[PDB]
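What follows is the content of coords-v1.cif (mmCIF, N, CA, C and O atoms).
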```cif
data_work
#
loop_
_atom_site.label_atom_id
_atom_site.label_comp_id
_atom_site.auth_asym_id
_atom_site.auth_seq_id
_atom_site.Cartn_x
_atom_site.Cartn_y
_atom_site.Cartn_z
N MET A 1 21.66 -62.86 5.61
CA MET A 1 20.20 -62.79 5.87
C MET A 1 19.93 -61.79 6.99
O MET A 1 18.79 -61.62 7.43
N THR A 2 20.99 -61.13 7.45
CA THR A 2 20.86 -60.15 8.53
C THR A 2 20.29 -60.81 9.78
O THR A 2 19.49 -61.73 9.69
N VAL A 3 20.68 -60.29 10.95
CA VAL A 3 20.15 -60.81 12.18
C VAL A 3 19.95 -59.67 13.12
O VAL A 3 20.80 -58.79 13.25
N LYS A 4 18.83 -59.71 13.77
CA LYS A 4 18.50 -58.69 14.71
C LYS A 4 17.60 -59.24 15.77
O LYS A 4 16.69 -60.02 15.51
N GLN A 5 17.90 -58.86 16.99
CA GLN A 5 17.16 -59.35 18.13
C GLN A 5 17.10 -58.32 19.24
O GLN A 5 17.94 -57.44 19.35
N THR A 6 16.08 -58.46 20.05
CA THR A 6 15.86 -57.58 21.16
C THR A 6 16.22 -58.29 22.46
O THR A 6 15.50 -59.18 22.90
N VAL A 7 17.34 -57.90 23.06
CA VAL A 7 17.78 -58.54 24.30
C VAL A 7 17.39 -57.71 25.51
O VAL A 7 17.85 -56.58 25.68
N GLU A 8 16.57 -58.29 26.38
CA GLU A 8 16.14 -57.60 27.59
C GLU A 8 17.23 -57.73 28.65
O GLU A 8 17.50 -58.84 29.13
N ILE A 9 17.86 -56.62 29.02
CA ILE A 9 18.92 -56.68 30.02
C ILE A 9 18.38 -57.01 31.39
O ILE A 9 17.26 -56.65 31.74
N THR A 10 19.24 -57.62 32.19
CA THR A 10 18.91 -57.92 33.56
C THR A 10 19.51 -56.79 34.38
O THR A 10 19.15 -56.56 35.53
N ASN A 11 20.42 -56.08 33.71
CA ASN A 11 21.11 -54.93 34.28
C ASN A 11 22.52 -54.80 33.70
O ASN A 11 23.34 -54.02 34.21
N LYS A 12 22.81 -55.55 32.64
CA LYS A 12 24.13 -55.49 32.01
C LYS A 12 24.10 -56.09 30.61
O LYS A 12 24.29 -57.29 30.43
N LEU A 13 23.87 -55.23 29.63
CA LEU A 13 23.83 -55.66 28.23
C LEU A 13 25.24 -55.68 27.69
O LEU A 13 25.48 -55.52 26.50
N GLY A 14 26.19 -55.81 28.61
CA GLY A 14 27.59 -55.77 28.25
C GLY A 14 27.94 -54.32 28.00
O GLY A 14 29.09 -53.96 27.77
N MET A 15 26.89 -53.50 28.08
CA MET A 15 26.99 -52.06 27.89
C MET A 15 28.33 -51.54 28.36
O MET A 15 28.98 -50.73 27.69
N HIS A 16 28.73 -52.02 29.52
CA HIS A 16 29.99 -51.63 30.13
C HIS A 16 31.03 -51.29 29.07
O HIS A 16 31.40 -50.12 28.91
N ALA A 17 31.49 -52.30 28.34
CA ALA A 17 32.48 -52.06 27.29
C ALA A 17 33.14 -53.36 26.83
O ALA A 17 32.83 -53.89 25.77
N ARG A 18 34.08 -53.85 27.64
CA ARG A 18 34.82 -55.08 27.32
C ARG A 18 34.06 -55.99 26.35
O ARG A 18 34.54 -56.24 25.24
N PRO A 19 32.92 -56.51 26.73
CA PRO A 19 32.13 -57.43 25.83
C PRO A 19 31.54 -56.70 24.62
O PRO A 19 31.69 -57.14 23.47
N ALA A 20 30.87 -55.59 24.89
CA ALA A 20 30.26 -54.82 23.82
C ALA A 20 31.34 -54.29 22.89
O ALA A 20 31.08 -54.02 21.72
N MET A 21 32.55 -54.16 23.42
CA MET A 21 33.66 -53.69 22.62
C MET A 21 34.28 -54.87 21.88
O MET A 21 34.94 -54.69 20.86
N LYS A 22 34.02 -56.07 22.38
CA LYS A 22 34.52 -57.27 21.73
C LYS A 22 33.88 -57.37 20.35
O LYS A 22 34.54 -57.71 19.38
N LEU A 23 32.60 -57.01 20.28
CA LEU A 23 31.88 -57.00 19.02
C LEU A 23 32.78 -56.41 17.96
O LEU A 23 32.95 -56.97 16.88
N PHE A 24 33.32 -55.25 18.29
CA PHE A 24 34.19 -54.52 17.40
C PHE A 24 35.51 -55.26 17.17
O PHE A 24 35.84 -55.64 16.04
N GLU A 25 36.25 -55.47 18.24
CA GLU A 25 37.52 -56.17 18.14
C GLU A 25 37.29 -57.57 17.63
O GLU A 25 38.15 -58.15 16.96
N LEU A 26 36.12 -58.11 17.92
CA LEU A 26 35.78 -59.44 17.47
C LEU A 26 35.23 -59.35 16.05
O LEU A 26 35.39 -60.26 15.25
N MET A 27 34.61 -58.22 15.75
CA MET A 27 34.08 -58.00 14.41
C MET A 27 35.22 -58.28 13.45
O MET A 27 35.02 -58.76 12.33
N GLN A 28 36.44 -58.02 13.92
CA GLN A 28 37.61 -58.29 13.10
C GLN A 28 37.66 -59.79 12.87
O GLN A 28 38.39 -60.29 12.01
N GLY A 29 36.85 -60.50 13.66
CA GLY A 29 36.75 -61.96 13.56
C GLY A 29 35.49 -62.32 12.79
O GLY A 29 35.50 -63.20 11.93
N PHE A 30 34.41 -61.60 13.08
CA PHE A 30 33.14 -61.80 12.38
C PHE A 30 32.93 -60.64 11.42
O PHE A 30 32.98 -59.48 11.84
N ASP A 31 32.64 -60.93 10.16
CA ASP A 31 32.38 -59.87 9.22
C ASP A 31 30.91 -59.58 9.29
O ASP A 31 30.10 -60.32 8.73
N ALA A 32 30.56 -58.54 10.02
CA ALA A 32 29.19 -58.21 10.19
C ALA A 32 29.07 -56.89 10.89
O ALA A 32 29.91 -56.51 11.70
N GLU A 33 28.02 -56.18 10.57
CA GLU A 33 27.78 -54.90 11.14
C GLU A 33 26.71 -55.01 12.20
O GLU A 33 25.51 -54.89 11.93
N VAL A 34 27.16 -55.25 13.40
CA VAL A 34 26.26 -55.41 14.53
C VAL A 34 25.77 -54.05 15.00
O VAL A 34 26.57 -53.16 15.30
N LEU A 35 24.46 -53.87 15.07
CA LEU A 35 23.91 -52.60 15.51
C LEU A 35 23.20 -52.76 16.86
O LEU A 35 22.34 -53.62 17.04
N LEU A 36 23.59 -51.92 17.82
CA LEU A 36 23.04 -51.94 19.17
C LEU A 36 22.15 -50.73 19.45
O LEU A 36 22.59 -49.60 19.34
N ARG A 37 20.90 -50.98 19.85
CA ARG A 37 19.99 -49.90 20.17
C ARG A 37 19.00 -50.33 21.24
O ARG A 37 18.72 -51.51 21.41
N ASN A 38 18.43 -49.35 21.92
CA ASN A 38 17.43 -49.62 22.93
C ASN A 38 16.06 -49.30 22.38
O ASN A 38 15.87 -48.25 21.76
N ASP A 39 15.09 -50.16 22.66
CA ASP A 39 13.73 -49.90 22.22
C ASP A 39 13.30 -48.53 22.73
O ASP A 39 12.23 -48.03 22.40
N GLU A 40 14.17 -47.94 23.55
CA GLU A 40 13.92 -46.63 24.12
C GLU A 40 14.10 -45.56 23.05
O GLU A 40 13.60 -44.44 23.18
N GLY A 41 14.83 -45.91 22.01
CA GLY A 41 15.11 -44.98 20.93
C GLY A 41 16.60 -44.70 20.87
O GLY A 41 17.06 -43.91 20.05
N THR A 42 17.35 -45.36 21.75
CA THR A 42 18.80 -45.19 21.77
C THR A 42 19.43 -46.11 20.74
O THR A 42 19.13 -47.30 20.72
N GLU A 43 20.27 -45.57 19.86
CA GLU A 43 20.89 -46.38 18.81
C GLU A 43 22.41 -46.33 18.86
O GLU A 43 23.01 -45.26 18.94
N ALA A 44 23.02 -47.52 18.81
CA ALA A 44 24.47 -47.63 18.84
C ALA A 44 24.99 -48.65 17.84
O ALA A 44 24.66 -49.83 17.91
N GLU A 45 25.82 -48.19 16.92
CA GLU A 45 26.42 -49.07 15.93
C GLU A 45 27.63 -49.75 16.55
O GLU A 45 28.62 -49.09 16.85
N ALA A 46 27.54 -51.06 16.75
CA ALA A 46 28.65 -51.79 17.35
C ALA A 46 29.99 -51.26 16.86
O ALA A 46 30.53 -51.75 15.87
N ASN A 47 30.50 -50.27 17.57
CA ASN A 47 31.77 -49.65 17.22
C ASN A 47 31.83 -48.26 17.82
O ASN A 47 32.90 -47.72 18.07
N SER A 48 30.65 -47.67 18.06
CA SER A 48 30.59 -46.34 18.64
C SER A 48 30.47 -46.41 20.16
O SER A 48 29.38 -46.22 20.71
N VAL A 49 31.58 -46.70 20.83
CA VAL A 49 31.57 -46.79 22.29
C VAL A 49 30.74 -45.67 22.89
O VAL A 49 30.08 -45.85 23.91
N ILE A 50 30.78 -44.51 22.24
CA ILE A 50 30.04 -43.36 22.69
C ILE A 50 28.56 -43.70 22.67
O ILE A 50 27.81 -43.35 23.59
N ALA A 51 28.15 -44.38 21.61
CA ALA A 51 26.78 -44.78 21.46
C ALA A 51 26.43 -45.85 22.49
O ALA A 51 25.32 -45.86 23.03
N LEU A 52 27.38 -46.72 22.77
CA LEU A 52 27.17 -47.77 23.76
C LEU A 52 27.03 -47.15 25.14
O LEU A 52 26.26 -47.62 25.97
N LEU A 53 27.75 -46.06 25.37
CA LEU A 53 27.63 -45.38 26.65
C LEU A 53 26.19 -44.93 26.82
O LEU A 53 25.65 -44.88 27.92
N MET A 54 25.57 -44.61 25.68
CA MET A 54 24.18 -44.16 25.67
C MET A 54 23.26 -45.20 26.31
O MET A 54 22.52 -44.88 27.25
N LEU A 55 23.29 -46.43 25.80
CA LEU A 55 22.44 -47.49 26.34
C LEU A 55 22.88 -47.88 27.76
O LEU A 55 22.17 -48.61 28.44
N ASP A 56 24.03 -47.38 28.19
CA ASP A 56 24.53 -47.68 29.52
C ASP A 56 23.40 -47.50 30.52
O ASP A 56 23.15 -48.35 31.37
N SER A 57 22.69 -46.38 30.38
CA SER A 57 21.56 -46.11 31.25
C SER A 57 20.58 -47.27 31.15
O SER A 57 19.60 -47.33 31.90
N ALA A 58 20.86 -48.19 30.22
CA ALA A 58 20.00 -49.36 30.03
C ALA A 58 19.34 -49.78 31.34
O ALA A 58 18.20 -49.41 31.63
N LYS A 59 20.08 -50.55 32.13
CA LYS A 59 19.60 -51.04 33.42
C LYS A 59 18.09 -51.29 33.43
O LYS A 59 17.32 -50.52 34.01
N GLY A 60 17.67 -52.39 32.81
CA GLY A 60 16.25 -52.75 32.80
C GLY A 60 15.60 -52.60 31.42
O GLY A 60 14.65 -53.32 31.10
N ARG A 61 16.10 -51.68 30.61
CA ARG A 61 15.54 -51.46 29.29
C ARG A 61 15.69 -52.71 28.44
O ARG A 61 15.99 -53.79 28.95
N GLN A 62 15.51 -52.56 27.13
CA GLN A 62 15.66 -53.67 26.22
C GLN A 62 16.42 -53.19 25.00
O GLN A 62 16.15 -52.10 24.48
N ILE A 63 17.38 -53.97 24.56
CA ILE A 63 18.19 -53.60 23.43
C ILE A 63 17.78 -54.36 22.20
O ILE A 63 17.32 -55.50 22.28
N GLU A 64 17.97 -53.73 21.07
CA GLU A 64 17.65 -54.32 19.80
C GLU A 64 18.96 -54.54 19.05
O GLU A 64 19.60 -53.58 18.62
N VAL A 65 19.38 -55.79 18.95
CA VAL A 65 20.62 -56.08 18.30
C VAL A 65 20.40 -56.36 16.84
O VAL A 65 19.47 -57.07 16.48
N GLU A 66 21.26 -55.83 15.98
CA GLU A 66 21.13 -56.09 14.56
C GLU A 66 22.50 -56.22 13.91
O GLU A 66 23.26 -55.25 13.86
N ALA A 67 22.81 -57.40 13.37
CA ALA A 67 24.09 -57.59 12.71
C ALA A 67 23.88 -57.93 11.24
O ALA A 67 22.84 -58.46 10.86
N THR A 68 24.86 -57.58 10.40
CA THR A 68 24.73 -57.82 8.98
C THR A 68 26.09 -58.06 8.32
O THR A 68 26.86 -57.13 8.09
N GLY A 69 26.36 -59.32 8.01
CA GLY A 69 27.61 -59.71 7.36
C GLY A 69 27.83 -61.21 7.50
O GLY A 69 27.20 -61.87 8.32
N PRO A 70 28.72 -61.76 6.73
CA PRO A 70 29.03 -63.21 6.76
C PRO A 70 28.82 -63.85 8.12
O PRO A 70 28.18 -64.90 8.23
N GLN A 71 29.39 -63.24 9.15
CA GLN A 71 29.28 -63.78 10.51
C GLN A 71 28.51 -62.87 11.46
O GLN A 71 28.89 -62.69 12.61
N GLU A 72 27.41 -62.31 10.98
CA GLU A 72 26.57 -61.43 11.80
C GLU A 72 25.89 -62.21 12.90
O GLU A 72 25.54 -61.65 13.94
N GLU A 73 25.70 -63.49 12.69
CA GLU A 73 25.04 -64.31 13.69
C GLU A 73 26.00 -64.57 14.85
O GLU A 73 25.67 -64.28 16.00
N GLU A 74 27.18 -65.09 14.54
CA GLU A 74 28.17 -65.37 15.57
C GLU A 74 28.44 -64.12 16.40
O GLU A 74 28.63 -64.18 17.61
N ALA A 75 28.47 -62.99 15.71
CA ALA A 75 28.73 -61.70 16.33
C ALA A 75 27.58 -61.29 17.24
O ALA A 75 27.78 -61.11 18.43
N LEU A 76 26.40 -61.18 16.67
CA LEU A 76 25.22 -60.81 17.44
C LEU A 76 24.91 -61.91 18.46
O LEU A 76 24.43 -61.64 19.56
N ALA A 77 25.19 -63.14 18.07
CA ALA A 77 24.95 -64.29 18.92
C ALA A 77 25.96 -64.36 20.06
O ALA A 77 25.70 -64.96 21.11
N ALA A 78 27.12 -63.74 19.85
CA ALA A 78 28.16 -63.74 20.87
C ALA A 78 27.88 -62.65 21.89
O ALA A 78 28.16 -62.80 23.08
N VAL A 79 27.29 -61.57 21.42
CA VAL A 79 26.93 -60.47 22.30
C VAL A 79 25.75 -60.91 23.14
O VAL A 79 25.72 -60.73 24.35
N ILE A 80 24.78 -61.49 22.45
CA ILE A 80 23.57 -61.97 23.09
C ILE A 80 23.93 -62.80 24.27
O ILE A 80 23.60 -62.46 25.40
N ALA A 81 24.66 -63.87 24.04
CA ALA A 81 25.09 -64.68 25.15
C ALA A 81 25.68 -63.75 26.19
O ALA A 81 25.72 -64.06 27.38
N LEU A 82 26.11 -62.58 25.72
CA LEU A 82 26.66 -61.59 26.61
C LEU A 82 25.55 -60.65 27.05
O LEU A 82 25.45 -60.30 28.23
N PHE A 83 24.69 -60.28 26.11
CA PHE A 83 23.57 -59.43 26.43
C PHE A 83 22.66 -60.21 27.36
O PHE A 83 22.07 -59.66 28.29
N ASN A 84 22.62 -61.51 27.11
CA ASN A 84 21.85 -62.42 27.92
C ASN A 84 22.67 -62.77 29.13
O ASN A 84 22.19 -63.31 30.12
N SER A 85 23.94 -62.43 29.00
CA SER A 85 24.92 -62.67 30.06
C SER A 85 25.00 -64.16 30.38
O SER A 85 26.10 -64.70 30.32
#
```
Turn this file's structure into structure tokens for me.
Amino acid sequence: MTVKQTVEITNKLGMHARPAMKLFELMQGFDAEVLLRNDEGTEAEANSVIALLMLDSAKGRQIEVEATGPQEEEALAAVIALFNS
């Protein structure tokens, strides 16, 4: 059913890497295509660390999370708890 949400960072959308990178390494756990973007117009497909570096400038912005696959919720929901920190 796809899942997508806009997580307002407090100053760390996991952008850093470890957590945002877990999506990917964890994606191997959740079958889902989690998409990370900033309402700013910055778009990052959970897997393009380069793209994640983009939202790094986040710090206050808001991210739009979108996952799609069997476990897109657990995945997007796992980041969220992370995006939500």
| query | Hey, what does DSSP flag as strand (DSSP E) within chain A? Can you give it to me as number ranges by chain? | reply | A: 3-8, 35-38, 42-45, 62-67
Quick check on the file I pasted: which residues fall under the PyMOL selection byres ((chain A and resi 37) around 8)? Write them as a PyMOL selection string.
chain A and resi 5-7+34-36+38-46+51+55+61-66
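Minimum distance to residue 9 in chain A across A:77, A:82, A:23, A:67 (counting only N, CA, C and O atoms) occurs at A:82.
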Around (32.3, -55.0, 22.3) in the file's own coordinates, what residues are found within 12 Å if you use only C-alpha atoms, given back as a ChimeraX atom specification? /A:13-28,34-36,44-53,75-76,78-80,82-83
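Our summary of the geometry notes that CA of residue 11 in chain A is positioned 5.5 Å from CA of residue 60 in chain A.
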Could you write out as JSON the box around range 5-18 of chain A (axis-aligned, all atoms listed in the file, 6 Å on each side), with centre and edge lengths in Å to one decimal?
```
{"center_x": 25.2, "center_y": -54.7, "center_z": 26.3, "size_x": 31.3, "size_y": 21.2, "size_z": 30.5}
```
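Taking atom N of residue 29 in chain A and CA of residue 56 in chain A as endpoints, the distance between them is 23.8 Å.
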Going by DSSP on the backbone, which bits of chain A are alpha helix (DSSP H)? Write them as a PDB file with N, CA, C and O atoms, in the coordinates of the input, please.
```
ATOM      1  N   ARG A  18      34.080 -53.850  27.640  1.00  0.00           N
ATOM      2  CA  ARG A  18      34.820 -55.080  27.320  1.00  0.00           C
ATOM      3  C   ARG A  18      34.060 -55.990  26.350  1.00  0.00           C
ATOM      4  O   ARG A  18      34.540 -56.240  25.240  1.00  0.00           O
ATOM      5  N   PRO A  19      32.920 -56.510  26.730  1.00  0.00           N
ATOM      6  CA  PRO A  19      32.130 -57.430  25.830  1.00  0.00           C
ATOM      7  C   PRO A  19      31.540 -56.700  24.620  1.00  0.00           C
ATOM      8  O   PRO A  19      31.690 -57.140  23.470  1.00  0.00           O
ATOM      9  N   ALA A  20      30.870 -55.590  24.890  1.00  0.00           N
ATOM     10  CA  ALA A  20      30.260 -54.820  23.820  1.00  0.00           C
ATOM     11  C   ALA A  20      31.340 -54.290  22.890  1.00  0.00           C
ATOM     12  O   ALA A  20      31.080 -54.020  21.720  1.00  0.00           O
ATOM     13  N   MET A  21      32.550 -54.160  23.420  1.00  0.00           N
ATOM     14  CA  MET A  21      33.660 -53.690  22.620  1.00  0.00           C
ATOM     15  C   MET A  21      34.280 -54.870  21.880  1.00  0.00           C
ATOM     16  O   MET A  21      34.940 -54.690  20.860  1.00  0.00           O
ATOM     17  N   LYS A  22      34.020 -56.070  22.380  1.00  0.00           N
ATOM     18  CA  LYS A  22      34.520 -57.270  21.730  1.00  0.00           C
ATOM     19  C   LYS A  22      33.880 -57.370  20.350  1.00  0.00           C
ATOM     20  O   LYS A  22      34.540 -57.710  19.380  1.00  0.00           O
ATOM     21  N   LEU A  23      32.600 -57.010  20.280  1.00  0.00           N
ATOM     22  CA  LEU A  23      31.880 -57.000  19.020  1.00  0.00           C
ATOM     23  C   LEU A  23      32.780 -56.410  17.960  1.00  0.00           C
ATOM     24  O   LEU A  23      32.950 -56.970  16.880  1.00  0.00           O
ATOM     25  N   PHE A  24      33.320 -55.250  18.290  1.00  0.00           N
ATOM     26  CA  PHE A  24      34.190 -54.520  17.400  1.00  0.00           C
ATOM     27  C   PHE A  24      35.510 -55.260  17.170  1.00  0.00           C
ATOM     28  O   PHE A  24      35.840 -55.640  16.040  1.00  0.00           O
ATOM     29  N   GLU A  25      36.250 -55.470  18.240  1.00  0.00           N
ATOM     30  CA  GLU A  25      37.520 -56.170  18.140  1.00  0.00           C
ATOM     31  C   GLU A  25      37.290 -57.570  17.630  1.00  0.00           C
ATOM     32  O   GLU A  25      38.150 -58.150  16.960  1.00  0.00           O
ATOM     33  N   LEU A  26      36.120 -58.110  17.920  1.00  0.00           N
ATOM     34  CA  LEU A  26      35.780 -59.440  17.470  1.00  0.00           C
ATOM     35  C   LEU A  26      35.230 -59.350  16.050  1.00  0.00           C
ATOM     36  O   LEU A  26      35.390 -60.260  15.250  1.00  0.00           O
ATOM     37  N   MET A  27      34.610 -58.220  15.750  1.00  0.00           N
ATOM     38  CA  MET A  27      34.080 -58.000  14.410  1.00  0.00           C
ATOM     39  C   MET A  27      35.220 -58.280  13.450  1.00  0.00           C
ATOM     40  O   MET A  27      35.020 -58.760  12.330  1.00  0.00           O
ATOM     41  N   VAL A  49      31.580 -46.700  20.830  1.00  0.00           N
ATOM     42  CA  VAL A  49      31.570 -46.790  22.290  1.00  0.00           C
ATOM     43  C   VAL A  49      30.740 -45.670  22.890  1.00  0.00           C
ATOM     44  O   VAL A  49      30.080 -45.850  23.910  1.00  0.00           O
ATOM     45  N   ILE A  50      30.780 -44.510  22.240  1.00  0.00           N
ATOM     46  CA  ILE A  50      30.040 -43.360  22.690  1.00  0.00           C
ATOM     47  C   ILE A  50      28.560 -43.700  22.670  1.00  0.00           C
ATOM     48  O   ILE A  50      27.810 -43.350  23.590  1.00  0.00           O
ATOM     49  N   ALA A  51      28.150 -44.380  21.610  1.00  0.00           N
ATOM     50  CA  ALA A  51      26.780 -44.780  21.460  1.00  0.00           C
ATOM     51  C   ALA A  51      26.430 -45.850  22.490  1.00  0.00           C
ATOM     52  O   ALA A  51      25.320 -45.860  23.030  1.00  0.00           O
ATOM     53  N   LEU A  52      27.380 -46.720  22.770  1.00  0.00           N
ATOM     54  CA  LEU A  52      27.170 -47.770  23.760  1.00  0.00           C
ATOM     55  C   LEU A  52      27.030 -47.150  25.140  1.00  0.00           C
ATOM     56  O   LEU A  52      26.260 -47.620  25.970  1.00  0.00           O
ATOM     57  N   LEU A  53      27.750 -46.060  25.370  1.00  0.00           N
ATOM     58  CA  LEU A  53      27.630 -45.380  26.650  1.00  0.00           C
ATOM     59  C   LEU A  53      26.190 -44.930  26.820  1.00  0.00           C
ATOM     60  O   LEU A  53      25.650 -44.880  27.920  1.00  0.00           O
ATOM     61  N   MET A  54      25.570 -44.610  25.680  1.00  0.00           N
ATOM     62  CA  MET A  54      24.180 -44.160  25.670  1.00  0.00           C
ATOM     63  C   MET A  54      23.260 -45.200  26.310  1.00  0.00           C
ATOM     64  O   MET A  54      22.520 -44.880  27.250  1.00  0.00           O
ATOM     65  N   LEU A  55      23.290 -46.430  25.800  1.00  0.00           N
ATOM     66  CA  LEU A  55      22.440 -47.490  26.340  1.00  0.00           C
ATOM     67  C   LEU A  55      22.880 -47.880  27.760  1.00  0.00           C
ATOM     68  O   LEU A  55      22.170 -48.610  28.440  1.00  0.00           O
ATOM     69  N   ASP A  56      24.030 -47.380  28.190  1.00  0.00           N
ATOM     70  CA  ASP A  56      24.530 -47.680  29.520  1.00  0.00           C
ATOM     71  C   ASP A  56      23.400 -47.500  30.520  1.00  0.00           C
ATOM     72  O   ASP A  56      23.150 -48.350  31.370  1.00  0.00           O
ATOM     73  N   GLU A  72      27.410 -62.310  10.980  1.00  0.00           N
ATOM     74  CA  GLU A  72      26.570 -61.430  11.800  1.00  0.00           C
ATOM     75  C   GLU A  72      25.890 -62.210  12.900  1.00  0.00           C
ATOM     76  O   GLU A  72      25.540 -61.650  13.940  1.00  0.00           O
ATOM     77  N   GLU A  73      25.700 -63.490  12.690  1.00  0.00           N
ATOM     78  CA  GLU A  73      25.040 -64.310  13.690  1.00  0.00           C
ATOM     79  C   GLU A  73      26.000 -64.570  14.850  1.00  0.00           C
ATOM     80  O   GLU A  73      25.670 -64.280  16.000  1.00  0.00           O
ATOM     81  N   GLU A  74      27.180 -65.090  14.540  1.00  0.00           N
ATOM     82  CA  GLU A  74      28.170 -65.370  15.570  1.00  0.00           C
ATOM     83  C   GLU A  74      28.440 -64.120  16.400  1.00  0.00           C
ATOM     84  O   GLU A  74      28.630 -64.180  17.610  1.00  0.00           O
ATOM     85  N   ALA A  75      28.470 -62.990  15.710  1.00  0.00           N
ATOM     86  CA  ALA A  75      28.730 -61.700  16.330  1.00  0.00           C
ATOM     87  C   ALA A  75      27.580 -61.290  17.240  1.00  0.00           C
ATOM     88  O   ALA A  75      27.780 -61.110  18.430  1.00  0.00           O
ATOM     89  N   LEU A  76      26.400 -61.180  16.670  1.00  0.00           N
ATOM     90  CA  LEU A  76      25.220 -60.810  17.440  1.00  0.00           C
ATOM     91  C   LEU A  76      24.910 -61.910  18.460  1.00  0.00           C
ATOM     92  O   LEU A  76      24.430 -61.640  19.560  1.00  0.00           O
ATOM     93  N   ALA A  77      25.190 -63.140  18.070  1.00  0.00           N
ATOM     94  CA  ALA A  77      24.950 -64.290  18.920  1.00  0.00           C
ATOM     95  C   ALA A  77      25.960 -64.360  20.060  1.00  0.00           C
ATOM     96  O   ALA A  77      25.700 -64.960  21.110  1.00  0.00           O
ATOM     97  N   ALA A  78      27.120 -63.740  19.850  1.00  0.00           N
ATOM     98  CA  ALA A  78      28.160 -63.740  20.870  1.00  0.00           C
ATOM     99  C   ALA A  78      27.880 -62.650  21.890  1.00  0.00           C
ATOM    100  O   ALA A  78      28.160 -62.800  23.080  1.00  0.00           O
ATOM    101  N   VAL A  79      27.290 -61.570  21.420  1.00  0.00           N
ATOM    102  CA  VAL A  79      26.930 -60.470  22.300  1.00  0.00           C
ATOM    103  C   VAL A  79      25.750 -60.910  23.140  1.00  0.00           C
ATOM    104  O   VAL A  79      25.720 -60.730  24.350  1.00  0.00           O
ATOM    105  N   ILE A  80      24.780 -61.490  22.450  1.00  0.00           N
ATOM    106  CA  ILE A  80      23.570 -61.970  23.090  1.00  0.00           C
ATOM    107  C   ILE A  80      23.930 -62.800  24.270  1.00  0.00           C
ATOM    108  O   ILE A  80      23.600 -62.460  25.400  1.00  0.00           O
ATOM    109  N   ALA A  81      24.660 -63.870  24.040  1.00  0.00           N
ATOM    110  CA  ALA A  81      25.090 -64.680  25.150  1.00  0.00           C
ATOM    111  C   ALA A  81      25.680 -63.750  26.190  1.00  0.00           C
ATOM    112  O   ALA A  81      25.720 -64.060  27.380  1.00  0.00           O
ATOM    113  N   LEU A  82      26.110 -62.580  25.720  1.00  0.00           N
ATOM    114  CA  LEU A  82      26.660 -61.590  26.610  1.00  0.00           C
ATOM    115  C   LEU A  82      25.550 -60.650  27.050  1.00  0.00           C
ATOM    116  O   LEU A  82      25.450 -60.300  28.230  1.00  0.00           O
ATOM    117  N   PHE A  83      24.690 -60.280  26.110  1.00  0.00           N
ATOM    118  CA  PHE A  83      23.570 -59.430  26.430  1.00  0.00           C
ATOM    119  C   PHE A  83      22.660 -60.210  27.360  1.00  0.00           C
ATOM    120  O   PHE A  83      22.070 -59.660  28.290  1.00  0.00           O
TER     121      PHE A  83
END
```
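Going from atom C of residue 73 in chain A over to atom O of residue 32 in chain A, you cover 9.5 Å.
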